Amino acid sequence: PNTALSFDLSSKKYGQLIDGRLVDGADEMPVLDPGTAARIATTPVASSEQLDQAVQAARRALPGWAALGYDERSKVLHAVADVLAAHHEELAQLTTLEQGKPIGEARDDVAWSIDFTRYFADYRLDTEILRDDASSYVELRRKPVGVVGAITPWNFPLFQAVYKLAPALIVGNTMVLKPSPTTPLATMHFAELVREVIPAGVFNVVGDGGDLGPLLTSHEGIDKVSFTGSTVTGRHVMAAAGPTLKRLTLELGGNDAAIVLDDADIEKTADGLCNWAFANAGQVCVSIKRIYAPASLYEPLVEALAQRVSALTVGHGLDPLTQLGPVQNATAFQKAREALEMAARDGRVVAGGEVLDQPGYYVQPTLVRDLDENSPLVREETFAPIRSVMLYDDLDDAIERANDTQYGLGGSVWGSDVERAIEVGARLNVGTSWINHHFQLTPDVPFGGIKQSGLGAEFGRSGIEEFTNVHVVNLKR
């Protein structure tokens, strides 16, 4: 479908933001639309030399930006949020065009960015007096970590950039951001919008042709790496940051389980389960990928879920009637076809199960029952709208099979008795246990993954402490 864009996207020239200037790329990359499988734009891709330029500019901007102070950096973050609000629909359209999600989900992405940005625009970090006795005076100050290299994936491009961006800048760091090779459009466009709002070199964005990431993570000039992506890539990032002893924050995806209790309301939890299992075409680190239902409820829940899954409308994300868009790229599409074949082989498919006859990477929303428990579908992470419901006989059995994974990123428990639900949720080996919902991120609440899903926490005081170093001043009197 055609856009609400105020400009011709196919002919628009995009520059990388380096030191407050728009710099043409060493090479250019075509940007496809997942919803049509057709080229829609061209974006710059940076060389190793341009990466060095951007790192150097961030280092140059570091002392002045840090000396600026919380109050004056705050005005810059508020200005960035204003630009987001002013171009809210534009940025959402750009995100749907390259990522493929429904235009409404993209609008939520922009809204989330605005609210995270404003929250951290008002954040304050103070000196702590840890000791003030006769013999000693000890204060803990929190100083910026340095230049932050941020790497963002393709499920939530603009939002993931902004939520790395806002807390890093408010505390005084400077940033170089590398978006995913398949989703640079909304990030490059946002960078162009804020080039004069943000002081030169405080924020720089460089285009990735698919090879830039390892160069960034091992760069001499980078002090901290904030990476969101696959667990395999995360392991490589941690090894690559080794020689330089980089500060590391890692968002690495998981196999979130939802356990439904015997007392749950079938219709309310079927609604939530459908929503969070298939949000963003299942392409969420914290998506509900495994549903565990007790024998009492397996049949009514699976039936309500299949009704809802089949009712979902699949189409281009710009169509306002679309509820589920395509998977983001060709590789995701092939992995989804393999998932569909596994679904037929190892289980009974009660909803969908096929590739749609559409130009573009459309996969039917698929619901699977009676799945073999060592099937790779449920054992490995599935970034696609193929979802499985599994029967359990005992609460202990359900919890141990929920925890029987390397991921431990997120989990949810669904039932009417909330304290029983909370006790069950505490038993999940994950960073966040949601109770009668799933996938809620707010700037004031820490988000993090344990086991193979992550290292630190991304938001909260835990997250702002992730972007700072402790400096103790200890005076003997």
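For every residue, the number given is its place in the sequence shown, counted from 1.
The mean Cα B-factor in the deposited entry runs higher for 386 to 394 than for the other of 386 to 394 and 195 to 203. As recorded in the PDB entry, 125 to 133 is the stretch of 283 to 291 and 125 to 133 with the greater mean C-alpha temperature factor. Out of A86, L377, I114, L94, the entry records its largest CA B-factor for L377. Highest C-alpha temperature factor among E90, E303, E105, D256 per the entry: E303. When the CA B factors of the chain's modelled residues are split into thirds, the value for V31 lands in the lowest one. When the modelled residues of the chain are ordered by C-alpha B-factor, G431 sits in the lowest third. Placement of the Cα temperature factor of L169 within the chain: lowest third of the modelled residues, per the deposited record.
In the PDB entry, a CA B factor belonging to the middle third of its chain's modelled residues is recorded for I450. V418 sits in the highest third of its chain by CA B factor, as recorded in the PDB entry.
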